[PDB]
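Colleague: Next up, entry.txt (compact mmCIF, C-alpha atoms).
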# COMPACT_ATOMS: atom_id res chain seq x y z
CA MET A 1 36.27 -48.21 -30.49
CA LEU A 2 35.41 -44.50 -30.90
CA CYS A 3 36.31 -41.86 -33.49
CA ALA A 4 38.85 -39.19 -32.48
CA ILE A 5 36.91 -36.31 -33.97
CA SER A 6 33.13 -36.34 -33.49
CA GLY A 7 33.01 -38.80 -30.55
CA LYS A 8 31.20 -41.47 -32.60
CA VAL A 9 31.35 -45.28 -32.70
CA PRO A 10 32.61 -45.56 -36.34
CA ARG A 11 30.91 -47.62 -39.07
CA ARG A 12 34.02 -47.58 -41.31
CA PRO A 13 37.04 -46.76 -39.06
CA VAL A 14 40.34 -45.92 -40.78
CA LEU A 15 43.73 -45.40 -39.11
CA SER A 16 46.42 -42.91 -40.09
CA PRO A 17 50.07 -44.17 -40.34
CA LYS A 18 51.67 -41.01 -38.96
CA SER A 19 49.75 -40.98 -35.68
CA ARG A 20 48.10 -44.24 -34.58
CA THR A 21 44.51 -42.99 -34.03
CA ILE A 22 41.20 -44.35 -35.42
CA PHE A 23 38.84 -41.97 -37.19
CA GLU A 24 35.55 -42.48 -39.01
CA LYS A 25 36.33 -42.30 -42.75
CA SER A 26 33.95 -39.44 -43.67
CA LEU A 27 35.27 -37.16 -40.89
CA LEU A 28 38.96 -37.79 -41.64
CA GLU A 29 38.34 -37.46 -45.41
CA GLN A 30 36.79 -34.03 -44.73
CA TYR A 31 39.83 -32.84 -42.72
CA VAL A 32 42.35 -33.76 -45.41
CA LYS A 33 40.41 -31.76 -48.05
CA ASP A 34 40.11 -28.75 -45.70
CA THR A 35 43.83 -28.81 -44.78
CA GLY A 36 46.02 -31.79 -45.78
CA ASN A 37 47.40 -32.75 -42.35
CA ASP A 38 46.61 -35.05 -39.41
CA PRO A 39 44.19 -33.24 -37.01
CA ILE A 40 45.85 -34.43 -33.75
CA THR A 41 49.60 -34.30 -34.42
CA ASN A 42 49.57 -31.67 -37.18
CA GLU A 43 51.71 -33.92 -39.40
CA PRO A 44 51.51 -34.26 -43.27
CA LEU A 45 48.76 -36.70 -44.16
CA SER A 46 46.87 -37.48 -47.37
CA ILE A 47 43.81 -39.59 -48.35
CA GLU A 48 46.05 -42.37 -49.80
CA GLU A 49 48.10 -42.42 -46.59
CA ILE A 50 45.08 -43.71 -44.60
CA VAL A 51 44.58 -47.42 -43.91
CA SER A 76 8.66 -43.63 -40.41
CA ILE A 77 6.41 -41.81 -37.88
CA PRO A 78 8.58 -41.41 -34.68
CA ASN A 79 11.77 -41.59 -36.79
CA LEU A 80 10.63 -38.60 -38.84
CA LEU A 81 8.94 -36.67 -36.02
CA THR A 82 10.01 -37.54 -32.43
CA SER A 83 13.52 -39.05 -32.86
CA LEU A 84 14.84 -36.57 -35.47
CA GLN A 85 13.42 -33.63 -33.45
CA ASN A 86 15.28 -34.77 -30.31
CA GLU A 87 18.57 -35.15 -32.25
CA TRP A 88 18.55 -31.55 -33.46
CA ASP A 89 17.47 -30.38 -29.98
CA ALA A 90 20.32 -32.32 -28.35
CA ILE A 91 22.84 -30.86 -30.84
CA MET A 92 21.53 -27.27 -30.47
CA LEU A 93 21.29 -26.99 -26.67
CA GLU A 94 24.61 -28.86 -26.19
CA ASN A 95 26.83 -26.70 -28.40
CA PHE A 96 25.15 -23.52 -27.05
CA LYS A 97 25.85 -24.69 -23.48
CA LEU A 98 29.36 -25.74 -24.60
CA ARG A 99 29.92 -22.25 -26.04
CA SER A 100 28.85 -20.93 -22.60
CA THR A 101 31.47 -23.18 -20.90
CA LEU A 102 34.26 -21.93 -23.20
CA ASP A 103 33.37 -18.29 -22.42
CA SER A 104 33.60 -18.81 -18.61
CA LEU A 105 37.15 -20.20 -18.91
CA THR A 106 38.19 -17.16 -21.00
CA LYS A 107 36.14 -14.95 -18.65
CA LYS A 108 38.40 -15.79 -15.72
CA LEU A 109 41.50 -17.64 -16.96
CA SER A 110 42.09 -13.96 -16.37
CA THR A 111 41.06 -14.12 -12.61
CA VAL A 112 43.67 -16.96 -12.28
CA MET A 113 46.57 -15.09 -13.96
CA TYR A 114 45.77 -11.79 -12.16
CA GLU A 115 45.63 -13.49 -8.73
CA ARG A 116 48.86 -15.35 -9.65
CA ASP A 117 50.74 -12.16 -10.58
CA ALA A 118 49.28 -10.53 -7.44
CA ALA A 119 50.92 -13.33 -5.38
CA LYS A 120 54.25 -12.87 -7.25
CA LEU A 121 54.37 -9.22 -6.14
CA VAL A 122 53.71 -10.31 -2.50
CA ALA A 123 56.58 -12.83 -2.63
CA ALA A 124 58.95 -10.25 -4.21
CA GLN A 125 57.93 -7.66 -1.58
CA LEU A 126 58.36 -10.20 1.27
CA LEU A 127 61.67 -11.49 -0.13
CA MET A 128 63.17 -8.01 0.44
CA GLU A 129 61.42 -7.81 3.84
CA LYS A 130 62.54 -11.14 5.37
CA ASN A 131 66.28 -11.26 4.51
CA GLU A 132 66.54 -7.63 5.64
CA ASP A 133 64.94 -8.43 8.96
CA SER A 134 67.17 -11.46 9.25
CA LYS A 135 70.26 -9.25 8.32
CA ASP A 136 69.32 -6.72 11.04
CA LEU A 137 69.57 -9.52 13.65
CA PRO A 138 73.19 -10.33 12.35
CA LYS A 139 74.02 -6.61 12.61
CA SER A 140 72.42 -6.33 16.09
CA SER A 141 75.12 -8.62 17.55
CA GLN A 142 77.70 -5.91 16.68
CA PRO B 78 18.42 -39.34 -51.78
CA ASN B 79 20.38 -36.05 -51.82
CA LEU B 80 18.52 -34.67 -48.75
CA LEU B 81 20.16 -37.43 -46.70
CA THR B 82 23.52 -36.70 -48.41
CA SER B 83 23.07 -32.99 -47.47
CA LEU B 84 22.20 -34.04 -43.89
CA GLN B 85 25.54 -35.92 -43.77
CA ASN B 86 27.49 -32.96 -45.20
CA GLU B 87 26.21 -30.56 -42.52
CA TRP B 88 26.88 -33.11 -39.73
CA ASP B 89 30.44 -33.51 -41.07
CA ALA B 90 30.96 -29.83 -40.15
CA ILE B 91 29.25 -30.31 -36.74
CA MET B 92 31.87 -32.93 -35.77
CA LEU B 93 34.76 -30.76 -37.05
CA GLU B 94 33.49 -27.81 -35.01
CA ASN B 95 32.97 -29.85 -31.82
CA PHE B 96 36.58 -31.11 -32.04
CA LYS B 97 38.25 -27.67 -32.23
CA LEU B 98 35.89 -26.38 -29.52
CA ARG B 99 36.81 -29.28 -27.19
CA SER B 100 40.58 -28.96 -27.83
CA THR B 101 40.59 -25.32 -26.67
CA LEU B 102 38.26 -26.34 -23.81
CA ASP B 103 40.71 -28.89 -22.31
CA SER B 104 43.87 -26.99 -23.35
CA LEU B 105 42.67 -23.73 -21.83
CA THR B 106 41.13 -25.34 -18.71
CA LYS B 107 44.39 -27.29 -18.26
CA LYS B 108 46.18 -23.95 -17.87
CA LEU B 109 43.54 -23.16 -15.25
CA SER B 110 44.66 -26.25 -13.26
CA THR B 111 48.39 -25.41 -13.41
CA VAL B 112 47.59 -21.83 -12.27
CA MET B 113 45.30 -22.80 -9.38
CA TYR B 114 47.79 -25.33 -8.06
CA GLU B 115 50.74 -22.92 -8.46
CA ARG B 116 48.69 -20.00 -7.02
CA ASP B 117 47.85 -21.75 -3.72
CA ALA B 118 51.43 -23.11 -3.80
CA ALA B 119 52.78 -19.54 -4.16
CA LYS B 120 50.24 -18.54 -1.47
CA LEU B 121 51.99 -20.83 1.04
CA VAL B 122 55.19 -18.83 0.31
CA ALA B 123 53.49 -15.80 1.88
CA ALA B 124 52.26 -17.71 4.97
CA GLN B 125 55.85 -18.84 5.68
CA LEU B 126 57.34 -15.43 4.77
CA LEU B 127 54.83 -13.61 7.01
CA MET B 128 55.64 -15.56 10.17
CA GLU B 129 59.42 -15.18 9.68
CA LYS B 130 59.16 -11.42 9.10
CA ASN B 131 57.05 -11.28 12.29
CA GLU B 132 59.71 -13.20 14.26
CA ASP B 133 62.36 -10.68 13.13
CA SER B 134 60.22 -7.87 14.45
CA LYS B 135 59.84 -9.10 18.18
CA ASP B 136 63.45 -10.33 18.30
CA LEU B 137 65.01 -7.00 17.23
CA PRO B 138 62.51 -4.76 19.30
CA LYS B 139 63.04 -6.86 22.53
CA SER B 140 66.82 -6.67 21.89
CA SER B 141 66.96 -2.97 20.89
CA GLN B 142 64.87 -2.22 24.01
CA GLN B 143 67.50 -3.72 26.36
CA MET C 1 37.92 -58.21 -30.05
CA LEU C 2 40.08 -61.02 -31.49
CA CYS C 3 43.78 -61.30 -32.43
CA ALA C 4 44.20 -62.31 -36.11
CA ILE C 5 47.36 -64.39 -35.50
CA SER C 6 46.25 -66.63 -32.60
CA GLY C 7 42.46 -66.19 -32.47
CA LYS C 8 42.32 -65.32 -28.75
CA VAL C 9 41.00 -62.23 -26.97
CA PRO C 10 44.12 -59.99 -26.90
CA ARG C 11 44.88 -58.54 -23.45
CA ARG C 12 47.18 -55.88 -24.95
CA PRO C 13 45.97 -54.84 -28.46
CA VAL C 14 48.38 -52.93 -30.71
CA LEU C 15 47.33 -51.91 -34.23
CA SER C 16 49.89 -51.98 -37.04
CA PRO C 17 50.31 -49.08 -39.56
CA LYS C 18 50.97 -51.18 -42.67
CA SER C 19 48.12 -53.67 -42.63
CA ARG C 20 45.35 -52.26 -40.48
CA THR C 21 44.49 -55.10 -38.05
CA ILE C 22 44.42 -55.49 -34.24
CA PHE C 23 47.17 -57.77 -32.93
CA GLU C 24 48.10 -58.80 -29.44
CA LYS C 25 51.32 -57.01 -28.44
CA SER C 26 53.04 -60.11 -27.02
CA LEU C 27 52.21 -62.15 -30.16
CA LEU C 28 53.04 -59.51 -32.78
CA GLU C 29 56.27 -58.56 -30.92
CA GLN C 30 57.55 -62.11 -31.37
CA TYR C 31 56.49 -62.00 -35.05
CA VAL C 32 58.59 -58.83 -35.56
CA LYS C 33 61.58 -60.30 -33.67
CA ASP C 34 61.41 -63.34 -35.99
CA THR C 35 61.46 -61.08 -39.08
CA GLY C 36 60.62 -57.36 -39.46
CA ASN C 37 57.28 -57.82 -41.26
CA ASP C 38 53.52 -57.65 -40.83
CA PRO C 39 52.00 -61.18 -40.76
CA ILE C 40 49.07 -60.58 -43.02
CA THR C 41 50.40 -58.53 -45.96
CA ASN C 42 54.12 -59.41 -45.48
CA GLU C 43 54.99 -55.74 -45.65
CA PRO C 44 57.91 -54.32 -43.58
CA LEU C 45 57.02 -53.33 -40.02
CA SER C 46 59.05 -52.55 -36.89
CA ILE C 47 58.11 -52.43 -33.17
CA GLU C 48 58.06 -48.60 -33.19
CA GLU C 49 55.76 -48.69 -36.22
CA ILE C 50 53.17 -50.64 -34.13
CA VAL C 51 50.89 -48.48 -31.95
CA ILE D 12 48.87 -23.27 19.10
CA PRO D 13 46.14 -24.37 16.67
CA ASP D 14 44.04 -21.73 18.46
CA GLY D 15 46.18 -18.82 19.77
CA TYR D 16 49.29 -18.10 17.64
CA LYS D 17 47.38 -18.43 14.36
CA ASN D 18 44.75 -16.02 15.70
CA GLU D 19 47.54 -13.70 16.90
CA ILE D 20 49.52 -13.74 13.63
CA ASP D 21 46.28 -13.36 11.64
CA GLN D 22 45.62 -10.04 13.42
CA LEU D 23 49.14 -8.81 12.63
CA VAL D 24 48.70 -9.77 8.96
CA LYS D 25 45.25 -8.14 9.07
CA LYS D 26 46.77 -4.88 10.35
CA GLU D 27 49.23 -4.79 7.43
CA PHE D 28 46.25 -5.29 5.12
CA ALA D 29 44.43 -2.41 6.83
CA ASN D 30 47.48 -0.34 5.83
CA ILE D 31 47.57 -1.47 2.18
CA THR D 85 26.81 -17.94 -26.12
CA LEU D 86 24.24 -15.13 -26.22
CA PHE D 87 21.33 -17.59 -26.12
CA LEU D 88 23.03 -19.97 -23.67
CA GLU D 89 24.09 -17.33 -21.12
CA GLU D 90 20.64 -15.71 -21.16
CA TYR D 91 18.93 -19.08 -20.57
CA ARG D 92 21.12 -19.36 -17.47
CA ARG D 93 18.93 -16.74 -15.76
CA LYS D 94 16.86 -19.86 -15.13
CA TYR D 95 14.39 -20.74 -17.89
CA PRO D 96 14.66 -23.59 -20.44
CA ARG D 97 13.09 -23.03 -23.88
CA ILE D 98 9.76 -24.83 -24.31
CA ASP D 99 9.58 -27.86 -26.62
CA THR D 100 6.71 -29.35 -28.64
CA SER D 101 4.05 -30.26 -26.07
CA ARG D 102 1.62 -31.43 -28.76
CA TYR D 103 2.17 -35.05 -29.78
CA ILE D 104 1.17 -36.62 -26.44
CA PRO D 105 -2.31 -35.04 -25.91
CA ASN D 106 -4.18 -34.44 -29.20
CA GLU D 107 -7.94 -35.06 -29.49
CA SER D 108 -10.22 -37.25 -31.60
CA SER D 109 -13.01 -34.67 -31.63
CA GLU D 110 -10.51 -31.79 -31.60
CA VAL D 111 -9.14 -29.92 -34.65
CA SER D 112 -6.25 -31.37 -36.46
CA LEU D 113 -5.88 -34.67 -38.32
CA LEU D 114 -2.15 -34.46 -39.07
CA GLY D 115 -1.53 -34.71 -35.31
CA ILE D 116 -3.16 -38.17 -35.46
CA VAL D 117 -1.05 -39.36 -38.41
CA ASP D 118 1.51 -36.53 -38.59
CA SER D 119 2.32 -37.20 -34.94
CA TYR D 120 1.18 -40.52 -33.47
CA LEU D 121 0.90 -43.49 -35.86
CA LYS D 122 4.29 -43.24 -37.62
CA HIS D 123 6.11 -42.51 -34.35
CA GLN D 124 4.35 -45.43 -32.63
CA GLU D 125 5.38 -47.72 -35.50
CA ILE D 126 8.94 -46.40 -35.26
CA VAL D 127 8.68 -46.89 -31.48
CA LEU D 128 7.50 -50.50 -31.74
CA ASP D 129 10.33 -51.17 -34.21
CA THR D 130 12.78 -49.34 -31.92
CA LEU D 131 11.52 -50.73 -28.60
CA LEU D 132 13.64 -53.76 -28.19
CA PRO D 133 14.91 -56.92 -26.83
CA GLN D 134 16.50 -58.91 -29.73
CA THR D 135 19.87 -58.30 -28.10
CA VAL D 136 18.20 -57.57 -24.73
CA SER D 137 20.48 -57.54 -21.66
CA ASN D 138 23.58 -58.70 -23.57
CA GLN D 139 24.10 -55.22 -25.07
CA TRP D 140 23.63 -53.60 -21.65
CA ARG D 141 25.96 -55.89 -19.65
CA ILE D 142 28.62 -55.53 -22.36
CA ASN D 143 28.69 -51.78 -21.64
CA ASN D 144 28.64 -52.47 -17.88
CA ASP D 145 31.97 -54.30 -18.27
CA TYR D 146 33.49 -51.29 -20.05
CA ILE D 147 32.52 -49.05 -17.12
CA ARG D 148 34.47 -51.28 -14.72
CA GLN D 149 37.63 -50.98 -16.84
CA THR D 150 37.15 -47.19 -16.86
CA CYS D 151 36.68 -46.98 -13.08
CA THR D 152 39.71 -49.02 -11.93
CA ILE D 153 42.03 -46.83 -14.04
CA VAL D 154 41.07 -43.74 -12.01
CA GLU D 155 41.80 -45.39 -8.64
CA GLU D 156 45.21 -46.51 -9.91
CA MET D 157 46.03 -42.84 -10.49
CA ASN D 158 44.68 -42.08 -7.01
CA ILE D 159 47.37 -44.41 -5.72
CA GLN D 160 50.17 -43.05 -7.87
CA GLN D 161 49.36 -39.53 -6.64
CA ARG D 162 49.04 -40.81 -3.06
CA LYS D 163 52.53 -42.37 -3.15
CA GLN D 164 54.34 -39.37 -4.67
CA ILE D 165 52.50 -36.97 -2.32
CA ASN D 166 53.61 -38.91 0.77
CA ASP D 167 57.06 -39.31 -0.81
CA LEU D 168 57.58 -35.54 -1.04
CA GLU D 169 56.41 -35.02 2.56
CA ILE D 170 58.77 -37.82 3.58
CA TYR D 171 61.77 -35.91 2.19
CA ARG D 172 60.70 -32.69 3.96
CA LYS D 173 60.42 -34.51 7.30
CA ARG D 174 64.15 -35.38 7.33
Is it possible to express this structure as structure tokens?
Modeller:
Amino acid sequence: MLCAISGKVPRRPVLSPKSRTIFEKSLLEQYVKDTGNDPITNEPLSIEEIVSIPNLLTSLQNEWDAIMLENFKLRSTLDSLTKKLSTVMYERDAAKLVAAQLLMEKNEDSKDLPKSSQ
Amino acid sequence: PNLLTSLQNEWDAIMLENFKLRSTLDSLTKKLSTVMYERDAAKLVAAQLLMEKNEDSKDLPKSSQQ
Amino acid sequence: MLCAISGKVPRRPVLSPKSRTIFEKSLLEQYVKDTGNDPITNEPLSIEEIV
Amino acid sequence: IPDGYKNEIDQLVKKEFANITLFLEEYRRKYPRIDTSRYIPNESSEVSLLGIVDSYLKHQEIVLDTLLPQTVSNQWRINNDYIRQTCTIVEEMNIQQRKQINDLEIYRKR
């Protein structure tokens, strides 16, 4: 029902035989010419393998506004994940060192109780 | 007629860019989810380890005292 | 929206990768079990080939 | 004790702690870029003719051609059905997670 590239509702949907996924013909035809392979699965795929007033002013203006502010805000979202994907891994490794430090602590405390009996 | 054809050609790139940007978005953020889950999971290791180490301390000191 | 074989609203649509058309899984599965072929074009098709 | 032993152990843990894009991010400071606040107002007496025809007539004609009804509510309710198929799928996963979560706790209990 949708294209698996742009996020459109295709006018001329075409499906690839390597990976069952429906793409709009212009967008899939572009990808093959760029690099001859299926975009999702990264499998060998070729082209043959596939199976006035408001409209000019108001509507077209809004479309290029919606594209501009969306990708800019999307670029901002991608930066935040890279910004602190780092805060996740650092806090993770910080926890690993605590576990490793406590692993020596606990068994040693528990072994001192076993020795205490003697 | 070609202005509309040029408008298509530039949009064709817009869709290709949005795809690769979204793939890294979900693929990178997905690693965020596995980390956050495993981090608080690994955090519970400390809470358990802490209380056991504490029990060893009051057991041995009350015993070594007598 | 429709299944090409029966003409009903398919409750489990599976598209074939030989002749691009939306078939109901339960219908097309029986068509393959009869003979390994796609019903429209009569080209070879297996159950794994359907998606 | 959900009020004493946790508070006690917390103090002992505390004591051991005593021992040890450019455009988008800038807009985040809290100001959206202004758009064309022109087409709506205009003025008959005032300046510029294009605004009358290069702003209002063609867009109104496109509006009246766009503003529609031919399909009406059928196109809207068709999308409403799709939303219900999307919603139920999420709650099915809520269940699957609920069962496996309780299943893991069940094994620990023994």
Colleague: Using all atoms listed in the file and a cut-off of 10 Å, which residues of chain D sit close to chain B? Please list them as a ChimeraX atom specification.
Modeller: /D:17,20-21,23-24
Colleague: Pick out the residues sitting within 7 Å of region 86-101 of chain B, and hand them over as a VMD selection string; count all atoms listed in the file, and ignore anything fewer than 5 positions along from it in its own chain.
Modeller: chain A and resid 5 to 6 27
Colleague: Using only C-alpha atoms, which residues sit within 8 Å of region 20-24 of chain A once same-chain residues fewer than 2 positions away are excluded, as a JSON list (two decimals) with C-alpha atoms, in the frame of the given file?
Modeller:
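Generated output (around08.json):
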[["chain", "number", "residue", "atom", "x", "y", "z"],
["A", 1, "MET", "CA", 36.27, -48.21, -30.49],
["A", 2, "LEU", "CA", 35.41, -44.50, -30.90],
["A", 3, "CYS", "CA", 36.31, -41.86, -33.49],
["A", 4, "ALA", "CA", 38.85, -39.19, -32.48],
["A", 5, "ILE", "CA", 36.91, -36.31, -33.97],
["A", 8, "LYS", "CA", 31.20, -41.47, -32.60],
["A", 10, "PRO", "CA", 32.61, -45.56, -36.34],
["A", 11, "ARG", "CA", 30.91, -47.62, -39.07],
["A", 12, "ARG", "CA", 34.02, -47.58, -41.31],
["A", 13, "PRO", "CA", 37.04, -46.76, -39.06],
["A", 14, "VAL", "CA", 40.34, -45.92, -40.78],
["A", 15, "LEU", "CA", 43.73, -45.40, -39.11],
["A", 16, "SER", "CA", 46.42, -42.91, -40.09],
["A", 17, "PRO", "CA", 50.07, -44.17, -40.34],
["A", 18, "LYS", "CA", 51.67, -41.01, -38.96],
["A", 26, "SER", "CA", 33.95, -39.44, -43.67],
["A", 27, "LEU", "CA", 35.27, -37.16, -40.89],
["A", 28, "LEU", "CA", 38.96, -37.79, -41.64],
["C", 15, "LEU", "CA", 47.33, -51.91, -34.23],
["C", 17, "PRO", "CA", 50.31, -49.08, -39.56],
["C", 51, "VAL", "CA", 50.89, -48.48, -31.95]]
Colleague: May I ask which of the residues A:49, A:94, A:136, A:89 is the closest one to chain C, counting all atoms listed in the file?
Modeller: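 Counting all atoms listed in the file, the residue closest to chain C is A:49.
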Colleague: Take CA of residue 33 (chain A) and CA of residue 85 (chain B) and report the distance between them in Å, one decimal.
Modeller: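 Those two atoms sit 16.0 Å apart.
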Colleague: I want to know what sits within 12 Å of region 26-29 of chain C, based on all atoms listed in the file, with residues of the same chain fewer than 5 positions away left out; could you give that as a VMD selection string?
Modeller: chain C and resid 3 to 16 21 34 to 40 45 to 51
Colleague: Save out the residues we just selected, C-alpha atoms, as a CSV table (one decimal), in the frame of the given file.
Modeller:
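Generated output (again.csv):
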chain,number,residue,atom,x,y,z
C,3,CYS,CA,43.8,-61.3,-32.4
C,4,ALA,CA,44.2,-62.3,-36.1
C,5,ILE,CA,47.4,-64.4,-35.5
C,6,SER,CA,46.2,-66.6,-32.6
C,7,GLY,CA,42.5,-66.2,-32.5
C,8,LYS,CA,42.3,-65.3,-28.8
C,9,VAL,CA,41.0,-62.2,-27.0
C,10,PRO,CA,44.1,-60.0,-26.9
C,11,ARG,CA,44.9,-58.5,-23.4
C,12,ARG,CA,47.2,-55.9,-25.0
C,13,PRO,CA,46.0,-54.8,-28.5
C,14,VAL,CA,48.4,-52.9,-30.7
C,15,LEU,CA,47.3,-51.9,-34.2
C,16,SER,CA,49.9,-52.0,-37.0
C,21,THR,CA,44.5,-55.1,-38.0
C,34,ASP,CA,61.4,-63.3,-36.0
C,35,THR,CA,61.5,-61.1,-39.1
C,36,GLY,CA,60.6,-57.4,-39.5
C,37,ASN,CA,57.3,-57.8,-41.3
C,38,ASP,CA,53.5,-57.6,-40.8
C,39,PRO,CA,52.0,-61.2,-40.8
C,40,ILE,CA,49.1,-60.6,-43.0
C,45,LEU,CA,57.0,-53.3,-40.0
C,46,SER,CA,59.0,-52.6,-36.9
C,47,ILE,CA,58.1,-52.4,-33.2
C,48,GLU,CA,58.1,-48.6,-33.2
C,49,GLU,CA,55.8,-48.7,-36.2
C,50,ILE,CA,53.2,-50.6,-34.1
C,51,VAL,CA,50.9,-48.5,-32.0
Colleague: Please, what distance in Å, to one decimal, runs between CA of residue 139 (chain A) and CA of residue 139 (chain B)?
Modeller: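 Computed distance, CA of residue 139 (chain A) to CA of residue 139 (chain B), equals 14.8 Å.
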Colleague: Tell me, counting all atoms listed in the file, for each residue of chain D within 9 Å of chain A, which pair of atoms is nearest and how far apart they are in Å to one decimal, in rows ordered by chain and increasing number, as CSV.
Modeller:
residue,atom,partner,partner_atom,distance
D:85,CA,A:100,CA,5.0
D:86,CA,A:100,CA,8.2
D:87,CA,A:96,CA,7.1
D:88,CA,A:96,CA,5.3
D:89,CA,A:100,CA,6.1
D:99,CA,A:89,CA,8.9
D:103,CA,A:82,CA,8.6
D:117,CA,A:77,CA,7.9
D:118,CA,A:77,CA,7.2
D:119,CA,A:81,CA,6.7
D:120,CA,A:77,CA,7.0
D:121,CA,A:77,CA,6.1
D:122,CA,A:77,CA,2.6
D:123,CA,A:78,CA,2.7
D:124,CA,A:78,CA,6.2
D:125,CA,A:77,CA,6.5
D:126,CA,A:78,CA,5.0
D:127,CA,A:78,CA,6.3
Colleague: Go ahead and compute the interatomic distance for CA of residue 119 (chain A) and CA of residue 118 (chain B), in Å to one decimal.
Modeller: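 Rounded to one decimal, the two atoms are 9.9 Å apart.
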Colleague: Calculate, to one decimal in Å, the centre and edge lengths of the box along x, y and z of the file that holds all listed atoms of region 49-90 of chain A with 4 Å of margin on each side, and present them as JSON.
Modeller:
{"center_x": 27.3, "center_y": -38.9, "center_z": -37.5, "size_x": 49.7, "size_y": 25.0, "size_z": 26.2}
Colleague: Which is closest to chain A among C:30, C:1, C:23, C:43, if we use only C-alpha atoms?
Modeller: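 Going through C:30, C:1, C:23, C:43 one by one, the smallest distance to chain A is for C:1.
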Colleague: Between A:138, A:43, A:122, A:51, which is the closest to chain C once you count all atoms listed in the file?
Modeller: A:51
Colleague: Can you tell me which residues surround residue 108 (chain A) at a distance of at most 12 Å, considering all atoms listed in the file, apart from same-chain residues fewer than 4 positions away, and format the answer as a list in words?
Modeller: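 With the cut-off at 12 Å, the set is residues 101, 102, 103, 104, 112, 113, 114 and 115 of chain A; 105, 106, 108, 109, 112 and 113 of chain B.
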Colleague: Keeping only C-alpha atoms, write the selected residues as an mmCIF file, keeping the file's coordinate frame.
Modeller:
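Output contents, as saved in out.cif:
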data_model
loop_
_atom_site.group_PDB
_atom_site.id
_atom_site.type_symbol
_atom_site.label_atom_id
_atom_site.label_comp_id
_atom_site.auth_asym_id
_atom_site.auth_seq_id
_atom_site.Cartn_x
_atom_site.Cartn_y
_atom_site.Cartn_z
ATOM 1 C CA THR A 101 31.470 -23.180 -20.900
ATOM 2 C CA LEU A 102 34.260 -21.930 -23.200
ATOM 3 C CA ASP A 103 33.370 -18.290 -22.420
ATOM 4 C CA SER A 104 33.600 -18.810 -18.610
ATOM 5 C CA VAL A 112 43.670 -16.960 -12.280
ATOM 6 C CA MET A 113 46.570 -15.090 -13.960
ATOM 7 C CA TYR A 114 45.770 -11.790 -12.160
ATOM 8 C CA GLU A 115 45.630 -13.490 -8.730
ATOM 9 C CA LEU B 105 42.670 -23.730 -21.830
ATOM 10 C CA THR B 106 41.130 -25.340 -18.710
ATOM 11 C CA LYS B 108 46.180 -23.950 -17.870
ATOM 12 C CA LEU B 109 43.540 -23.160 -15.250
ATOM 13 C CA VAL B 112 47.590 -21.830 -12.270
ATOM 14 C CA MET B 113 45.300 -22.800 -9.380
#
Colleague: Since the input has fewer atoms than a full residue there, write region 124-136 of chain A out with N, CA and C atoms, as a JSON list (two decimals), keeping the file's coordinate frame.
Modeller:
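And here is the file that came out, selection_21.json:
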[["chain", "number", "residue", "atom", "x", "y", "z"],
["A", 124, "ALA", "N", 57.85, -11.19, -3.90],
["A", 124, "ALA", "CA", 58.95, -10.25, -4.21],
["A", 124, "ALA", "C", 59.09, -9.15, -3.15],
["A", 125, "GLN", "N", 57.95, -8.69, -2.64],
["A", 125, "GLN", "CA", 57.93, -7.66, -1.58],
["A", 125, "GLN", "C", 58.36, -8.24, -0.21],
["A", 126, "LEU", "N", 58.00, -9.49, 0.03],
["A", 126, "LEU", "CA", 58.36, -10.20, 1.27],
["A", 126, "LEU", "C", 59.79, -10.71, 1.25],
["A", 127, "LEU", "N", 60.31, -10.98, 0.06],
["A", 127, "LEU", "CA", 61.67, -11.49, -0.13],
["A", 127, "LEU", "C", 62.68, -10.41, 0.29],
["A", 128, "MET", "N", 62.36, -9.15, 0.00],
["A", 128, "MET", "CA", 63.17, -8.01, 0.44],
["A", 128, "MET", "C", 62.99, -7.76, 1.95],
["A", 129, "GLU", "N", 61.79, -8.04, 2.44],
["A", 129, "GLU", "CA", 61.42, -7.81, 3.84],
["A", 129, "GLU", "C", 62.13, -8.77, 4.81],
["A", 130, "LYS", "N", 62.05, -10.06, 4.49],
["A", 130, "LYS", "CA", 62.54, -11.14, 5.37],
["A", 130, "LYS", "C", 64.05, -11.12, 5.56],
["A", 131, "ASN", "N", 64.79, -11.21, 4.46],
["A", 131, "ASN", "CA", 66.28, -11.26, 4.51],
["A", 131, "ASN", "C", 66.89, -10.03, 5.17],
["A", 132, "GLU", "N", 66.17, -8.91, 5.06],
["A", 132, "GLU", "CA", 66.54, -7.63, 5.64],
["A", 132, "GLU", "C", 66.31, -7.55, 7.15],
["A", 133, "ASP", "N", 65.26, -8.25, 7.54],
["A", 133, "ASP", "CA", 64.94, -8.43, 8.96],
["A", 133, "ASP", "C", 65.92, -9.41, 9.60],
["A", 134, "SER", "N", 66.22, -10.45, 8.84],
["A", 134, "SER", "CA", 67.17, -11.46, 9.25],
["A", 134, "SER", "C", 68.56, -10.89, 9.30],
["A", 135, "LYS", "N", 68.94, -9.94, 8.36],
["A", 135, "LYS", "CA", 70.26, -9.25, 8.32],
["A", 135, "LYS", "C", 70.45, -8.21, 9.44],
["A", 136, "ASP", "N", 69.33, -7.65, 9.90],
["A", 136, "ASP", "CA", 69.32, -6.72, 11.04],
["A", 136, "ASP", "C", 69.63, -7.42, 12.37]]
